[PDB]
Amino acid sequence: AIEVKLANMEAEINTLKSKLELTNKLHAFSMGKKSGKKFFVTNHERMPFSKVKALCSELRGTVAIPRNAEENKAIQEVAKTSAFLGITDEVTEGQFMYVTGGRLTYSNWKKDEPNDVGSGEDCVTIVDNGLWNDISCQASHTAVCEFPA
């Protein structure tokens, strides 16, 4: 009896795990995730980079990072307003790196940017037309997270 009950429960667990994964798939789809593409999403809340990072991490994602022009446009249409990207030049000034590791491949800087103005600007925001502007990490911008393809 006990070995049988346990086996049956193990089967119920497998089914439940698959059903949750399905729920996750349907949700991503409803929010616009394209086949074979990363899922970008926002709650339209503006906050400092430290909070965006903590927030996306809490949902098991990361701050949105455009790896090419196509993902840049995707993040642009999701954000609507100015949003932080998971890129900073905190280690060596001018050397932008992804918060998940590695040197910057694709970039879409605005005219006269990055300019590290004032006391300094080590974070990055995607703004109007999808162009980039380095900004203070302490400034508040829209939180956009990315989840794997």
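Quick note: we count residues from 1 along the sequence shown, nothing fancier.
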Would you mind comparing 14 to 22 and 123 to 131 for me and telling me which has the higher average C-alpha temperature factor in the entry?
-> 123 to 131
On average, which has the higher Cα B-factor in the deposited entry, 104 to 112 or 59 to 67?
-> 104 to 112
Identity of residue with top Cα B-factor, from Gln95, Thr42, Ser30, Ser82 = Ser82
Once the chain's modelled residues are ordered by C-alpha B factor and cut into thirds, is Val117 in the lowest, middle or highest one?
-> highest
Divide the modelled residues of the chain into thirds by Cα B-factor and specify which third, lowest, middle or highest, holds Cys145.
-> lowest
